[PDB]
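Undergrad: The structure that follows is given in the form of structure tokens.
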Amino acid sequence: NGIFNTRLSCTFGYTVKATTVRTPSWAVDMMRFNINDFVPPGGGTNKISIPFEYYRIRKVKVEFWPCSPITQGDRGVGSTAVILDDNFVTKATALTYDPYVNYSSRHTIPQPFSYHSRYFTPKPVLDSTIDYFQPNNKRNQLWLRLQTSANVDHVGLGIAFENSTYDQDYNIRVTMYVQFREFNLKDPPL
Amino acid sequence: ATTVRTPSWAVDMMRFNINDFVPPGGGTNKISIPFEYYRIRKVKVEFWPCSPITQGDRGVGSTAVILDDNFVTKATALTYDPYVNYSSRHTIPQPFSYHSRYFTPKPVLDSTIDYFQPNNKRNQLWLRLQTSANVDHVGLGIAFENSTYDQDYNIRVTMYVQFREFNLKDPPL
Amino acid sequence: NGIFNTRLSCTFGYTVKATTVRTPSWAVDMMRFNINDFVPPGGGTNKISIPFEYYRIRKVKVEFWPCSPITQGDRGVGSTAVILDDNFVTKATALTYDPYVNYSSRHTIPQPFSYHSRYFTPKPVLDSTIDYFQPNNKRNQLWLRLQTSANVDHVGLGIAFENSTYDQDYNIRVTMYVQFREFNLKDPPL
Amino acid sequence: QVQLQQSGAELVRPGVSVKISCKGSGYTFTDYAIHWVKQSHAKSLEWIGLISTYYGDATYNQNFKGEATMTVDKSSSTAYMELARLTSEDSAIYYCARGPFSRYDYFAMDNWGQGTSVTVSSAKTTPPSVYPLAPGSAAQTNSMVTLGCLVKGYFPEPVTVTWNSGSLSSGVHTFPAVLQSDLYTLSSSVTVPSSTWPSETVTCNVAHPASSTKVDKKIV
Amino acid sequence: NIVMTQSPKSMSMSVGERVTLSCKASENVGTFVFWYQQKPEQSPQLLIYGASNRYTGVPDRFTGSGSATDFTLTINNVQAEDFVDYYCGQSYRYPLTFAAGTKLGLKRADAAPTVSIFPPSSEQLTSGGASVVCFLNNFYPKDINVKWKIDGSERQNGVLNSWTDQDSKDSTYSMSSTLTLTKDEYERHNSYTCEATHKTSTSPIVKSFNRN
């Protein structure tokens with residue numbers, strides 16, 4: 001019974017910029033997800049620090065910690081709509097509109113200091129030409145070989161940012177519940 | 001306050017001695033509290049910021065419990081957060097966010113072995129109340145994402161401590 | 001819930017010698033057990049290949065695969081009595097008698113080709129002056145810090161070998177059910 | 001309060017080995033990383049090796065790897081550097097460097113210690129031979145004149161060259177010692193108005209503490 | 001290893017002048033880039049840390065900038081105390097490296113050297129050795145070329161040169177050159193010449209003497 005669950009994480013900061021355009025404008029960005037970011041390489045015979053052959057990421061929880069004070073004026077609001085097919089809205093600095101407003105997966109994020117999170121399930125990128133993927137199924141969730149460095153990106157999220165005359169800074173944590181299989185330890189002697 | 005524009009982390013650690021918590025008694029009773037024995041049931045560690053809510057450049061940290069005296073090395077600006085993938089990590093936001101951890105201590109019996117109990121009230125062993133040679137309790141490793149402002153924290157540590165063998169001395173007159 | 005069980009193993013060969021003494025004589029040996037044998041050292045930040053802080057060995061199963069043919073004559077028999085206090089019978093080549101015959105823990109092993117195993121619980125060596133240890137208790141089984149190289153020997157078994165005019169060779173496997181605690185992974189970036 | 005004190009200057013013979021020490025004060029070494037740096041004379045800084053006093057883990061520069069060994073004694077809060085099979089190449093100043101004490105200090109200026117000089121020589125203490133330098137009787141400079149003193153074949157450094165026991169400390173130029181044949185040679189020149197000399201007498205005073213010798217030379 | 005190159009190696013500037021020195025790495029590094037200041041017989045001191053942070057006790061006139069491969073240290077208004085050697089260092093990846101360093105000296109008006117040739121000493125001769133000393137004092141720039149001519153012939157062997165640091169007061173340079181010969185070989189030749197060419201003059205300055 002070599003099945004194993006754990007919860008895995010990373011965090012990084014991001015800056016939304018101060019702007020000069022008086023009409024409301026939007027900053028589009030995107031979010032791809034590779035586990036090679038999340039892993040340290042192991043040493044010796046075990047190339048990867050985590051002894052497993054297999055993995056499948058059950059959930060992805062993406063957190064949003066602002067550096068933005070509550071005292072900050074020029075307050076805004078954004079949208080948070082999940083992308084799962086690598087077909088992205090083009091990353092733009094000041095879009096005239098919000099392309100994320102009429103997706104089914106849009107959640108609303110206020111700006112600048114408002115806390116946000118999305119608690120969801122990832123999808124990797126199997127073939128870029130086809131972009132084919134499962135329904136929501138834990139039971140027939142397929143397995144992925146734990147590799148050295150050639151691990152697949154998971155297309156997770158497209159994001160929007162209504163632009164402001166101040167900088168908006170966000171400590172963006174990404175947390176993953178990842179399921180595992182086939183513990184594969186190597187023990188050379190001495 | 002820091003100058004590095006990339007996110008960097010301040011590692012610190014927390015050891016716990018009861019000699020801090022005790023005043024020495026006088027006369028025949030060397031310790032102000034008349035007991036021979038003690039065992040600390042719980043440790044509650046509190047975090048009161050001096051940091052205003054109006055403070056910008058806001059951050060977030062991690063709080064992962066250490067119970068074996070094997071610490072992450074205390075560092076000023078670590079490139080990453082080593083506390084992110086522990087099982088005991090709780091998240092602390094910065095600068096002004098209130099935090100607390102309500103947990104159980106472990107002392108340091110032998111530094112070479114670093115051996116300790118499971119979670120058991122019933123077979124919680126006893127410790128002799130001593131004068132000054134009391135053991136450190138390895139309690140917590142902490143992380144601090146660095147900022148361009150100073151972050152100040154009135155850090156309370158609260159312990160539920162169980163006792164045994166009241167040992168009072170009363171010299172005459 | 002950082003608790004984890006697994007079953008750990010090692011194997012090595014051993015030679016009982018051909019002898020010339022016509023009276024029955026006995027070869028005494030002993031068996032100490034260190035987990036540093038069982039572990040490979042990890043690399044990078046994780047010094048040990050297995051990410052845990054804690055361990056406690058639930059069981060020890062010690063196996064005995066002879067190289068000895070069934071066709072071999074001059075057949076013998078030995079004893080297998082468990083030692084758990086590091087006080088050993090002195091390792092001897094040809095003892096006039098069998099010191100292992102009247103222990104409570106003696107199991108009988110026939111010689112040369114007979115298969116043997118002992119399915120039991122270890123005891124480490126806490127203090128050599130006192131040699132103090134638990135009763136049979138899973139529930140209050142204490143924990144041990146997973147260390148780099150200073151890991152404790154576990155006093156497990158004293159063994160006897162009735163001597164023969166032929167060599168007796170045994171692929172001796174030792175298998176341990178070991179319980180674990182406090183997964184302690186380090187992932188440096190990039 | 002933070003300070004790193006290093007062992008005293010060392011003079012040793014070639015083929016020998018020596019062990020340098022760096023004792024930290026005001027902070028615990030366990031908390032950070034200790035480094036030893038070498039700087040040759042008139043050369044650049046070279047990082048030798050680092051150690052984690054906590055683990056004992058050590059990193060070395062490949063070139064130094066056989067030659068130097070870094071160790072540390074947390075109890076004594078001291079870090080050591082051992083050099084073996086000494087050669088003249090080894091002569092240089094050695095600095096030990098560390099940091100603050102965690103808790104987010106990654107600063108506290110620096111503590112490359114004072115440094116320890118290491119001189120590798122087979123030479124024995126030798127008093128300097130002082131030779132007076134007087135002008136050939138040529139107008140070197142229109143009015144004024146320059147005198148000099150040659151301090152040759154001495155060891156070890158340093159030596160003190162004063163003129164008129166100190167009365168003359170103007171227009172003096174003492175050149176850095178240079179090694180020739182395993183001994184040091186140095187020269188000091190002194191400039192004085194043509195008016196004073198040969199009128200007043202001028203003497204140069206050299207002192208070699210290692211030899212405990214002081215010489216006085218008058219210039220004719 | 002990551003190679004750190006600093007440029008220029010040596011630089012001169014008048015006081016009040018702004019100065020900028022650079023340090024480039026063969027590969028990119030983070031806020032593990034620091035600058036050290038070192039004065040003549042003193043230990044290196046951490047001037048700027050993390051590429052742009054001041055370090056305690058450092059004057060405001062100093063600033064540092066950069067990221068990636070390129071970094072620089074700048075002095076808005078140079079003062080005398082500023083004259084030193086500056087080293088950039090990279091704590092990013094071992095082995096930790098240091099740049100060659102940039103020596104910053106005080107610029108001043110050019111000045112010719114005042115040469116002086118000295119014949120051997122009688123006392124020195126008694127020992128059987130003879131050394132002719134030539135002093136070239138108080139000149140700028142440091143660049144100078146000295147040659148020895150014995151009877152019009154160039155003599156390279158036995159010459160030892162030594163230079164002092166820029167004078168604290170006048171900010172000039174001084175040099176001493178010694179030619180050492182034996183009593184015999186010295187006695188054999190008549191004229192000894194100390195020749196030096198300096199930017200200050202097209203015509204090489206010469207100082208010579210004949211035996212007695």
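We name chains A, B, ... following the order of the structure tokens; residues begin at 1 in each chain, and ligands are numbered from 1 as shown.
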Starting from chain B, keep only residues with some atom at most 12 Å from an atom of chain D, counting only C-alpha atoms, and report them as an MDAnalysis selection string.
TA: chainID B and resid 1:4 8:14 69:79 141:147 150:151
Undergrad: Export, as a CSV table (one decimal), in the first residue's frame, the selected residues with N, CA and C atoms.
TA:
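out-v2.csv, written as the output of this step:
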```
chain,number,residue,atom,x,y,z
B,1,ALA,N,14.3,46.8,9.3
B,1,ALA,CA,14.1,47.3,7.9
B,1,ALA,C,15.3,46.8,7.0
B,2,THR,N,14.9,46.4,5.8
B,2,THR,CA,15.9,45.9,4.9
B,2,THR,C,15.9,46.6,3.5
B,3,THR,N,16.9,46.4,2.7
B,3,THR,CA,17.1,47.1,1.5
B,3,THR,C,17.0,46.1,0.3
B,4,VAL,N,17.0,44.8,0.5
B,4,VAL,CA,17.0,43.9,-0.7
B,4,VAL,C,15.6,43.8,-1.2
B,8,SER,N,13.2,38.1,1.0
B,8,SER,CA,14.3,37.5,1.8
B,8,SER,C,13.7,37.2,3.2
B,9,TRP,N,14.3,36.3,3.9
B,9,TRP,CA,13.7,35.7,5.1
B,9,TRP,C,14.7,35.8,6.3
B,10,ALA,N,14.2,36.1,7.5
B,10,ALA,CA,14.9,36.1,8.7
B,10,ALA,C,14.5,34.9,9.5
B,11,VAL,N,15.5,34.0,9.8
B,11,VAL,CA,15.3,32.8,10.5
B,11,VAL,C,15.7,33.1,12.0
B,12,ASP,N,14.9,32.7,12.9
B,12,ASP,CA,15.3,32.7,14.3
B,12,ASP,C,14.8,31.4,15.0
B,13,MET,N,15.1,31.2,16.2
B,13,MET,CA,14.8,30.0,17.0
B,13,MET,C,14.4,30.4,18.4
B,14,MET,N,13.8,29.4,19.1
B,14,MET,CA,13.2,29.7,20.4
B,14,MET,C,13.5,28.5,21.4
B,69,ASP,N,16.1,20.4,19.0
B,69,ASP,CA,17.2,21.2,19.1
B,69,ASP,C,18.1,21.3,17.8
B,70,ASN,N,17.6,20.5,16.8
B,70,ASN,CA,18.2,20.7,15.5
B,70,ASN,C,17.5,21.8,14.8
B,71,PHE,N,18.2,22.9,14.7
B,71,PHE,CA,17.5,24.1,14.2
B,71,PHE,C,18.0,24.5,12.8
B,72,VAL,N,17.1,25.1,12.0
B,72,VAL,CA,17.5,25.9,10.9
B,72,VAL,C,18.4,27.0,11.4
B,73,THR,N,19.5,27.3,10.7
B,73,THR,CA,20.5,28.3,11.1
B,73,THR,C,19.9,29.7,11.1
B,74,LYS,N,20.1,30.4,12.2
B,74,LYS,CA,19.6,31.7,12.3
B,74,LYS,C,20.2,32.7,11.3
B,75,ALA,N,19.4,33.2,10.4
B,75,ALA,CA,19.9,34.0,9.3
B,75,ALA,C,19.1,35.3,9.2
B,76,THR,N,19.8,36.3,8.6
B,76,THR,CA,19.1,37.6,8.4
B,76,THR,C,18.3,37.6,7.2
B,77,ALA,N,18.8,37.2,6.0
B,77,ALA,CA,18.1,37.3,4.8
B,77,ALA,C,18.4,36.1,4.0
B,78,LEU,N,17.5,35.1,4.2
B,78,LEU,CA,17.6,33.8,3.5
B,78,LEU,C,16.8,34.0,2.2
B,79,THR,N,17.4,33.5,1.1
B,79,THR,CA,16.8,33.5,-0.2
B,79,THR,C,15.4,32.9,-0.3
B,141,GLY,N,10.8,27.0,15.9
B,141,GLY,CA,11.6,27.7,14.9
B,141,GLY,C,10.7,28.7,14.2
B,142,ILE,N,11.2,29.8,13.9
B,142,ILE,CA,10.4,30.9,13.3
B,142,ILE,C,11.0,31.5,12.1
B,143,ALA,N,10.2,32.1,11.2
B,143,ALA,CA,10.7,32.7,10.0
B,143,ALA,C,10.1,34.1,9.9
B,144,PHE,N,10.8,35.0,9.2
B,144,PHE,CA,10.4,36.4,9.1
B,144,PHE,C,10.7,36.9,7.7
B,145,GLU,N,9.8,37.1,6.8
B,145,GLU,CA,10.0,37.7,5.5
B,145,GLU,C,10.4,39.2,5.8
B,146,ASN,N,11.5,39.5,5.2
B,146,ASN,CA,12.1,40.8,5.5
B,146,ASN,C,11.4,41.9,4.7
B,147,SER,N,11.5,43.1,5.4
B,147,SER,CA,10.8,44.3,4.9
B,147,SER,C,11.6,45.5,5.0
B,150,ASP,N,10.8,48.4,10.1
B,150,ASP,CA,11.1,47.5,11.3
B,150,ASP,C,9.8,46.9,11.8
B,151,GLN,N,9.8,45.7,12.1
B,151,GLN,CA,8.6,45.0,12.7
B,151,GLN,C,8.9,44.5,14.1
```
Undergrad: Near chain D, which residues of chain E fall within 8 Å when you count only C-alpha atoms, and what do they look like as a PyMOL selection string?
TA: chain E and resi 42-47+49+55-56+94-101+114-121+123-124+135+160+162-164+174-176+209
Undergrad: Enumerate as a PDB file with N, CA and C atoms, in the first residue's frame the residues belonging to chain C that approach chain A to within 8 Å, with only C-alpha atoms taken into account.
TA:
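Below is the file selection_6.pdb, written as the result:
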```pdb
ATOM      1  N   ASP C  37      24.141   1.076   9.202  1.00  0.00           N
ATOM      2  CA  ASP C  37      24.287   0.060   8.175  1.00  0.00           C
ATOM      3  C   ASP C  37      23.133   0.125   7.191  1.00  0.00           C
ATOM      4  N   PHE C  38      21.930   0.318   7.706  1.00  0.00           N
ATOM      5  CA  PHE C  38      20.725   0.237   6.905  1.00  0.00           C
ATOM      6  C   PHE C  38      20.447   1.483   6.094  1.00  0.00           C
ATOM      7  N   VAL C  39      21.145   2.581   6.340  1.00  0.00           N
ATOM      8  CA  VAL C  39      20.754   3.847   5.734  1.00  0.00           C
ATOM      9  C   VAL C  39      21.829   4.266   4.735  1.00  0.00           C
ATOM     10  N   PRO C  40      21.443   4.882   3.618  1.00  0.00           N
ATOM     11  CA  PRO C  40      22.407   5.664   2.858  1.00  0.00           C
ATOM     12  C   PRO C  40      22.363   7.114   3.300  1.00  0.00           C
ATOM     13  N   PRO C  41      23.499   7.799   3.310  1.00  0.00           N
ATOM     14  CA  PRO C  41      23.483   9.231   3.617  1.00  0.00           C
ATOM     15  C   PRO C  41      22.932  10.033   2.450  1.00  0.00           C
ATOM     16  N   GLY C  42      21.979  10.904   2.751  1.00  0.00           N
ATOM     17  CA  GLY C  42      21.440  11.808   1.765  1.00  0.00           C
ATOM     18  C   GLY C  42      22.397  12.943   1.482  1.00  0.00           C
ATOM     19  N   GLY C  43      22.030  13.742   0.491  1.00  0.00           N
ATOM     20  CA  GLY C  43      22.905  14.800   0.029  1.00  0.00           C
ATOM     21  C   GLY C  43      22.200  16.136   0.051  1.00  0.00           C
ATOM     22  N   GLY C  44      22.991  17.181  -0.157  1.00  0.00           N
ATOM     23  CA  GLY C  44      22.458  18.520  -0.086  1.00  0.00           C
ATOM     24  C   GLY C  44      22.122  18.890   1.347  1.00  0.00           C
ATOM     25  N   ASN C  46      19.411  17.843   3.058  1.00  0.00           N
ATOM     26  CA  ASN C  46      18.985  16.642   3.757  1.00  0.00           C
ATOM     27  C   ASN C  46      20.162  15.681   3.848  1.00  0.00           C
ATOM     28  N   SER C  49      19.118  10.214   3.518  1.00  0.00           N
ATOM     29  CA  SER C  49      18.285   9.919   2.362  1.00  0.00           C
ATOM     30  C   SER C  49      16.810   9.767   2.702  1.00  0.00           C
ATOM     31  N   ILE C  50      16.482   9.401   3.930  1.00  0.00           N
ATOM     32  CA  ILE C  50      15.102   9.205   4.351  1.00  0.00           C
ATOM     33  C   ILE C  50      14.664  10.447   5.117  1.00  0.00           C
ATOM     34  N   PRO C  51      13.687  11.185   4.634  1.00  0.00           N
ATOM     35  CA  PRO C  51      13.219  12.379   5.361  1.00  0.00           C
ATOM     36  C   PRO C  51      12.323  12.053   6.554  1.00  0.00           C
ATOM     37  N   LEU C 185      11.599  17.444   5.514  1.00  0.00           N
ATOM     38  CA  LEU C 185      12.224  17.648   4.213  1.00  0.00           C
ATOM     39  C   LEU C 185      12.769  19.060   4.058  1.00  0.00           C
ATOM     40  N   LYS C 186      13.902  19.166   3.370  1.00  0.00           N
ATOM     41  CA  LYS C 186      14.457  20.444   2.967  1.00  0.00           C
ATOM     42  C   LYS C 186      14.469  20.568   1.456  1.00  0.00           C
ATOM     43  N   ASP C 187      13.966  21.700   0.971  1.00  0.00           N
ATOM     44  CA  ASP C 187      13.954  22.010  -0.456  1.00  0.00           C
ATOM     45  C   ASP C 187      14.592  23.378  -0.633  1.00  0.00           C
ATOM     46  N   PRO C 188      15.885  23.422  -0.923  1.00  0.00           N
ATOM     47  CA  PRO C 188      16.497  24.669  -1.369  1.00  0.00           C
ATOM     48  C   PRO C 188      15.986  25.042  -2.747  1.00  0.00           C
ATOM     49  N   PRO C 189      15.994  26.328  -3.099  1.00  0.00           N
ATOM     50  CA  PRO C 189      15.368  26.741  -4.358  1.00  0.00           C
ATOM     51  C   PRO C 189      16.205  26.396  -5.572  1.00  0.00           C
ATOM     52  N   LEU C 190      15.674  26.750  -6.742  1.00  0.00           N
ATOM     53  CA  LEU C 190      16.287  26.537  -8.054  1.00  0.00           C
ATOM     54  C   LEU C 190      16.629  25.071  -8.306  1.00  0.00           C
TER      55      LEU C 190
END
```
Undergrad: Output as a Markdown table one row per residue of chain E within 9 Å of chain B: the closest atom pair and its distance in Å to one decimal place, counting only C-alpha atoms, sorted by chain and residue number ascending.
TA:
```
| residue | atom | partner | partner_atom | distance |
| --- | --- | --- | --- | --- |
| E:30 | CA | B:6 | CA | 8.6 |
| E:31 | CA | B:4 | CA | 6.6 |
| E:50 | CA | B:4 | CA | 6.9 |
| E:51 | CA | B:4 | CA | 8.8 |
| E:52 | CA | B:3 | CA | 7.8 |
| E:53 | CA | B:3 | CA | 6.7 |
```
Undergrad: Could you find all residues in region 30-159 of chain A that DSSP calls helix (DSSP H, G or I) from the backbone, and write them as a list in words?
TA: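 Across region 30-159 of chain A, those assigned helix (DSSP H, G or I) are residues 35, 36, 37 and 38 of chain A.
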Undergrad: Tell me, as a PyMOL selection string, which residues lie within 12 Å of residue 127 (chain A), counting only C-alpha atoms; anything in the same chain fewer than 3 positions away does not count.
TA: chain A and resi 85-86+123-124+130-133+152-154
Undergrad: Keeping only C-alpha atoms, write the selected residues as a compact mmCIF listing (two decimals), in the first residue's frame.
TA:
```txt
# COMPACT_ATOMS: atom_id res chain seq x y z
CA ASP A 85 -5.93 24.67 -21.14
CA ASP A 86 -2.82 26.91 -21.68
CA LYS A 123 -4.49 20.41 -14.79
CA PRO A 124 -1.15 19.73 -16.48
CA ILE A 130 -4.77 19.12 -28.46
CA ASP A 131 -5.03 20.38 -24.83
CA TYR A 132 -7.12 17.49 -23.53
CA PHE A 133 -7.90 16.79 -19.88
CA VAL A 152 5.12 19.20 -16.82
CA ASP A 153 3.68 22.66 -16.33
CA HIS A 154 0.24 22.78 -14.82
```
Undergrad: Which residues are near residue 23 (chain B)? Cut-off 9 Å, only C-alpha atoms, ignore same chain within fewer than 6 positions. Put them as a ChimeraX atom specification.
TA: /B:31-33
Undergrad: Got time to write the residues from that selection, N, CA and C atoms, as an mmCIF file, in the first residue's frame?
TA:
```
data_model
loop_
_atom_site.group_PDB
_atom_site.id
_atom_site.type_symbol
_atom_site.label_atom_id
_atom_site.label_comp_id
_atom_site.auth_asym_id
_atom_site.auth_seq_id
_atom_site.Cartn_x
_atom_site.Cartn_y
_atom_site.Cartn_z
ATOM 1 N N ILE B 31 14.098 28.204 46.144
ATOM 2 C CA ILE B 31 13.247 28.573 45.029
ATOM 3 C C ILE B 31 11.939 29.071 45.614
ATOM 4 N N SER B 32 11.455 30.188 45.066
ATOM 5 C CA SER B 32 10.263 30.877 45.536
ATOM 6 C C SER B 32 9.010 30.016 45.497
ATOM 7 N N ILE B 33 8.961 29.016 44.634
ATOM 8 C CA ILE B 33 7.800 28.146 44.501
ATOM 9 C C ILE B 33 8.093 26.854 45.253
#
```
Undergrad: For a quick test of understanding: name the residues of chain B lying within 10 Å of chain C when counting only C-alpha atoms, and present them as number ranges by chain.
TA: B: 67-68, 70, 79-88, 112-118, 120, 123
Undergrad: What lies within 9 Å of residue 178 (chain E) using only C-alpha atoms, ignoring chain neighbours under 5 positions off, as a list in words?
TA: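 Answer for this query is residues 131, 132, 133, 134, 135, 158, 159, 160, 161 and 162 of chain E.
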Undergrad: What is the CA of residue 125 (chain E) to CA of residue 153 (chain D) distance in Å?
TA: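 Answer for the CA of residue 125 (chain E) to CA of residue 153 (chain D) separation: 15.0 Å.
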